[PDB]
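Colleague: Model the structure of this input:
(3 chains, ligands or ions: 3)
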Amino acid sequence: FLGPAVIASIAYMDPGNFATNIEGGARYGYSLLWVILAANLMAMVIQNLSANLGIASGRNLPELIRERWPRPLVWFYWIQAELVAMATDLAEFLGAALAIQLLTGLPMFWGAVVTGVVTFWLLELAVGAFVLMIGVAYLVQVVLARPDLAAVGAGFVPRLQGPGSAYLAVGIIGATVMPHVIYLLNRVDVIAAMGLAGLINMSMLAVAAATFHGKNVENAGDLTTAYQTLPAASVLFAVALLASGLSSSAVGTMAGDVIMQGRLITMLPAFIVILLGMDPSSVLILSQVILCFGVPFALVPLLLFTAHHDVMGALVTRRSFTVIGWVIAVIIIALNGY
Amino acid sequence: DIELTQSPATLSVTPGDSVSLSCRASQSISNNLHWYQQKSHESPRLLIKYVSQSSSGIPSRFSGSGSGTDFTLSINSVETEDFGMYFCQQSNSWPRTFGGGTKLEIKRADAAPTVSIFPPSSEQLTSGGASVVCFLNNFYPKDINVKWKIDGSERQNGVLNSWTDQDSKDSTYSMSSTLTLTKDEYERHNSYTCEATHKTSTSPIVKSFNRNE
Amino acid sequence: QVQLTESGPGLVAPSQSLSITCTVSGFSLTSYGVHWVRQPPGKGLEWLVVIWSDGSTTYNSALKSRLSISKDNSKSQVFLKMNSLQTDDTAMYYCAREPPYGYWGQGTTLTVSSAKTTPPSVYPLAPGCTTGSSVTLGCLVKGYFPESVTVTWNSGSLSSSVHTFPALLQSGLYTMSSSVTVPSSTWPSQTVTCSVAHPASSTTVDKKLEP
Ligand SMILES: [Os+3]
Ligand SMILES: [Os+3]
Ligand SMILES: [Os+3]
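Modeller: Numbering: from 1, shown residues only, chains lettered A, B, ... in the order given. Ligands and ions are numbered 1, 2, ... in the order given. What follows is the structure:
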């Protein structure tokens, strides 16, 4: 319908999910699609538990964690959440820089200046039409190859152990369960939005795995080589990226104002790109595992606050196993990070 | 399951005139295709990636042109170092599929075979064998229909043809065709005719011997 | 200098097992997928299988459930392996790996037949009565295994021209034609003898050719 589709295209609209559902297809092919499944399901749990708690004993999570926790722990959770929104804005400026260099070819510094003056410009239907049009653009090839061979033969979970194998999956599932959706008639619109746009992500990844897996060539991490051919569809990919970044800017920075009030300070990572010693293309995926490390700190308070003062949320089945599986995975990739 | 029929199967050139290989597809495969050169007993280095972009470390002589359901490689001024095999590989979908291949060869003026038919060897006769080889030395082009006749009746089977590579001395092909027989097959009959229908003669070149004398 | 090298050639009986080592150098094997390409003696070729690094085997439907591909990152070797029945698939195998392809190995020869080592039987081919001023004489190596005999002609016939047609399989063994030509003014005045060298059986047969 016209509601959940726009709510979905806007709901994802970040460079991180583009830049990790196009790495999983270039290295771990269809065998990674499953995580995207697990990426949405628990997420559709979590936000529901936020909608299940956001009206009863009404307050956003930053208002709650200031009510009954020690002060040093409040400073620690503000370090954690501020590094979370900081890393999200790093994702915004990075992806928008790669987009501006993907269009006019401007250096990422001048691209960051243009994103600064677009932050000046911020003070809708066309953006959702761009992410909707690239979303249908990846629904052009959601049909395209071996529907029962590589697909369902890889949606069943593999226990792969390698550093990059679990690192990239942790980046994907750490980018989908965005920490700022946890800081929050309505349930159906979001279950269908995240539902269909889950097909946008499985489409993006599967097409990223069928477009070139065994072909080798230049890696898909740059996103400059991510323009798939059916000419103008490439510029459509770059404009879709730029729109996704510029909108995730306002949404994630206003959300950072919600977590922060209860501007340029998050722009310091935005110019770490000038370090020149390492290329930015794949520090965005890291930007989604660091963002992943800020998820348990955003999940424990919901899990514990859900069952005291309020009705509903008595179910503690999958919603509590997901946090311990989550933390054991991120402690696998964190305890092997040396 | 997509295939790639490649034509022409073999190609002769002077060298000088431009050649153009065709790698027809079974369905559309976009610009996912690879062109390889090959020599005898060698590893095939890559020439053309994606049919448009020339690959790394490849002379500007070669150029791939095409779009969609069929693609064509093209060599301009063959330069005596482009002779031999050429293979063509799609890579979009499992399984990857190579083409039918082509063997580029040197071209020159025509020639006629110096056919000579031999009786079975005296030692092979008491060994039980009865091979009647029929050499067809120095002929052009490569194609010949050599044929055997045992008492007029043709012998399409029991034969064995063999072909040399394009001769080093003068770019001229030669072949052999053994007609191995058992004892009764060699004793029941009376004569063995070795014919060769060829482009340079409407009448096939003929040699024969008979069991007596 | 990026470079791939393979294991030495192999000759195995039917229903035996075998393995081949595609070792790599000059690039990061853990970062590239290796394809396998099989070329019969001269009968074209078709894509075989691909082993993506970190063990990801994908076999084509043509050669599924017989072939297997091991990998060893400790020495960056890509192992090919064939077990089960062998049914005399005889060919030279290839491996490939580099972002656009174009770095293939030197290839490895692999022959399957049950025949034991047998020295040849050289059969002289006398014309039996002579078109023109030059006469052709023949020599027939036959029934040998393994491959590759080298036929050499002694003559002294002033003008002469030798040919040696490629070895071909007959009933599990090998057969070969061998030509020579002499001015007939020296035949049979000057002898023109046909030696045949088969190093795998040590035997060399210096067969004289007479009518
Ligand atoms: Os207060
Ligand atoms: Os409590
Ligand atoms: Os076959």
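
Colleague: Only C-alpha atoms from now on, for both contacts and neighbour counts.
Modeller: Will do.

Colleague: Show me the beta-bridge partners of the closest residue to chain C within chain B.
Modeller: Distances between chain B and chain C by Cα to the nearest Cα are smallest at residue B:46, namely 4.3 Å. Note on residue B:46: beta-bridge partners by DSSP bridges are residue B:36.

Colleague: what's the domain layout of chain C?
Modeller: C:1-115, C:116-211 (curated CATH domains).

Colleague: correction: chain B
Modeller: Domain assignment for chain B, taken from curated CATH domains, gives B:1-108, B:109-211.

Colleague: check whether the last one contacts chain C.
Modeller: Yes - contact of domain B:109-211 with chain C is found when judged by Cα under 8 Å from any Cα of the partner chain, involving B:116-124, B:135, B:162-164, B:175-176.

Colleague: burial count for the residue in the stretch 101-250 of chain A that chain C sits nearest to?
Modeller: Nearest residue of the stretch 101-250 of chain A to chain C, counting by Cα to the nearest Cα: residue A:217, 4.1 Å away. If you count neighbours by other Cα atoms under 10 Å in any protein chain shown, residue A:217 ends up with 16.

Colleague: show me the contacts for it.
Modeller: Residues counted as contacts of residue A:217 (Cα atoms under 8 Å, 6 or more residues apart in numbering or on different chains) are C:98-100.

Colleague: Out of those, flag the one nearest to chain A.
Modeller: Looking across these and measuring by Cα to the nearest Cα, the closest to chain A is residue C:99, at 4.1 Å.

Colleague: mind checking the SS state of the residue nearest to that closest one when sequence neighbours are not counted?
Modeller: Excluding the flanking residues, the one nearest residue C:99 by Cα to Cα, 6 or more residues apart in numbering or on different chains is residue A:217, at 4.1 Å. Under DSSP: H, G, I helix; E, B strand; the rest coil, the three-state class of residue A:217 is coil.

Colleague: Near chain A, which residues of chain C are found?
Modeller: Residues of chain C lying near chain A (Cα under 8 Å from any Cα): C:32-33, C:50, C:52, C:98-101.

Colleague: hang on, the earlier thing: my read is that the residue of chain B closest to chain C contacts residue B:37, right?
Modeller: Yes - at 7.0 Å, residue B:46 counts as touching residue B:37 under the criterion of Cα atoms under 8 Å.

Colleague: Name the nearest residue to residue A:179, ignoring sequence neighbours.
Modeller: Residue nearest to residue A:179 in three dimensions, not counting chain neighbours: residue A:295, with 5.8 Å by Cα to Cα, 6+ apart.

Colleague: my bad, residue B:161
Modeller: residue B:177 (4.3 Å).

Colleague: if we can go back for a sec, can I get the domains of chain C in CSV with distance to residue A:187 and mean neighbour count?
Modeller: What follows is the domains of chain C, written out as CSV (distance: least, Cα to Cα, whole Å; neighbours: other Cα atoms under 10 Å in any protein chain shown):
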stretch, distance to residue A:187, mean neighbour count
domain C:1-115, 40, 17
domain C:116-211, 75, 18
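
Colleague: Including distance to residue A:153, could these go into a markdown table?
Modeller: Output for the domains of chain C, formatted as a markdown table (distance: least, Cα to Cα, whole Å):
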| stretch | distance to residue A:153 |
| --- | --- |
| domain C:1-115 | 12 |
| domain C:116-211 | 43 |
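
Colleague: check contacts around residue B:18.
Modeller: So residue B:18 contacts B:74-78 (Cα under 8 Å, 6+ apart).

Colleague: Name the member of the residues you listed with the most neighbours.
Modeller: Busiest of the contacts of residue B:18 [other Cα under 10 Å] is residue B:78, holding 20 neighbours.

Colleague: Up against chain A, what does chain B have?
Modeller: So chain B meets chain A at B:91-93 (Cα under 8 Å from any Cα).

Colleague: Of those residues, which belong to helices?
Modeller: Secondary structure defined by DSSP state H assigns none of the residues of chain B next to chain A to helices.

Colleague: can you put those residues in CSV and add distance to chain C?
Modeller: Below are the residues of chain B next to chain A laid out as CSV (distance: Cα to the nearest Cα, whole Å):
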residue, distance to chain C
B:91, 10
B:92, 13
B:93, 11
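
Colleague: Nearest to residue C:194 among those residues?
Modeller: residue B:91 (50.7 Å; Cα to Cα).

Colleague: is it true that that closest one touches residue B:97?
Modeller: Yes - assessed by Cα under 8 Å, residue B:91 is found in contact with residue B:97 at 7.0 Å.

Colleague: List the contacts of the closest residue to chain B within the stretch 151-300 of chain A.
Modeller: At 6.6 Å from chain B, residue A:215 is the closest residue in the stretch 151-300 of chain A, using Cα to the nearest Cα. Residues near residue A:215 by Cα under 8 Å, 6+ apart: B:91-92, C:99-100.

Colleague: Kindly write the PyMOL command that selects the buried subset of the residues of domain B:109-211 next to chain C.
Modeller: Buried members of the residues of domain B:109-211 next to chain C, defined by 16 or more other Cα atoms under 10 Å in any protein chain shown, are picked up in PyMOL with:
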select buried, chain B and resi 116+117+118+119+120+121+122+124+135+163+175+176
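
Colleague: picking up where we left off before, the residue nearest to residue B:161 in helix, strand or coil?
Modeller: strand.

Colleague: what's the burial count for it?
Modeller: Neighbours around residue B:177, by other Cα under 10 Å: 23.

Colleague: Could you report the separation of it from chain A?
Modeller: From residue B:177 across to chain A, the span is 45 Å (Cα to the nearest Cα, to the nearest Å).

Colleague: residue closest to the middle of chain A?
Modeller: residue A:175 (2.9 Å; Cα atoms, centre = their mean).

Colleague: Doesn't that one lie inside a strand?
Modeller: No - judged by three-state DSSP, residue A:175 forms no part of a strand; its state is helix.

Colleague: In contact with it, which residues?
Modeller: So residue A:175 contacts A:16-17, A:288-289, A:291-292 (Cα under 8 Å, 6+ apart).

Colleague: From the contacts of residue A:217, pick the one nearest residue A:328.
Modeller: Within the contacts of residue A:217, the smallest distance to residue A:328 is 35.0 Å, found for residue C:99 (Cα to Cα).

Colleague: Pull up the gap between that closest one and residue A:216, please.
Modeller: Remark: distance between residue C:99 and residue A:216 (Cα to Cα, to the nearest Å) = 5 Å.

Colleague: again with residue B:131
Modeller: 53 Å.

Colleague: now swap in residue B:65 and tell me
Modeller: Counting by Cα to Cα - residue B:65 and residue A:216 are separated by 22 Å.

Colleague: Counting neighbours, go ahead and name the busier of those two.
Modeller: More neighbours surround residue A:216 than the other of residue B:65 and residue A:216, with 20 against 16 (other Cα under 10 Å).

Colleague: Looking at chain B, which residue is nearest chain A?
Modeller: Using Cα to the nearest Cα, the single residue of chain B nearest to chain A is residue B:91, 6.6 Å away.

Colleague: OK, contacts around that residue?
Modeller: A:215, B:32-34, B:97.

Colleague: Apply 10 Å and report the result again.
Modeller: A:212-215, B:29-34, B:50, B:97-98, C:47 (Cα atoms under 10 Å, 6 or more residues apart in numbering or on different chains).

Colleague: Residue A:57 now?
Modeller: Counting by Cα under 10 Å, 6+ apart, residue A:57 has contacts A:64, A:306, A:309-311.

Colleague: make it 8 Å
Modeller: A:309-310.

Colleague: what helix or strand does it sit in?
Modeller: Taking DSSP states H and E as the definition, residue A:57 sits outside all helices and strands.

Colleague: For residue C:168, see how far away it is.
Modeller: From residue A:57 to residue C:168 the distance is 89 Å (Cα to Cα).

Colleague: again, but for residue A:321
Modeller: 68 Å.

Colleague: Any idea how many residues pack against the spatially closest residue to residue A:170 that is not a sequence neighbour?
Modeller: Nearest residue to residue A:170, sequence neighbours excluded (Cα to Cα, 6+ apart): residue A:289, at 6.0 Å. For residue A:289, the neighbour count with other Cα under 10 Å is 25.
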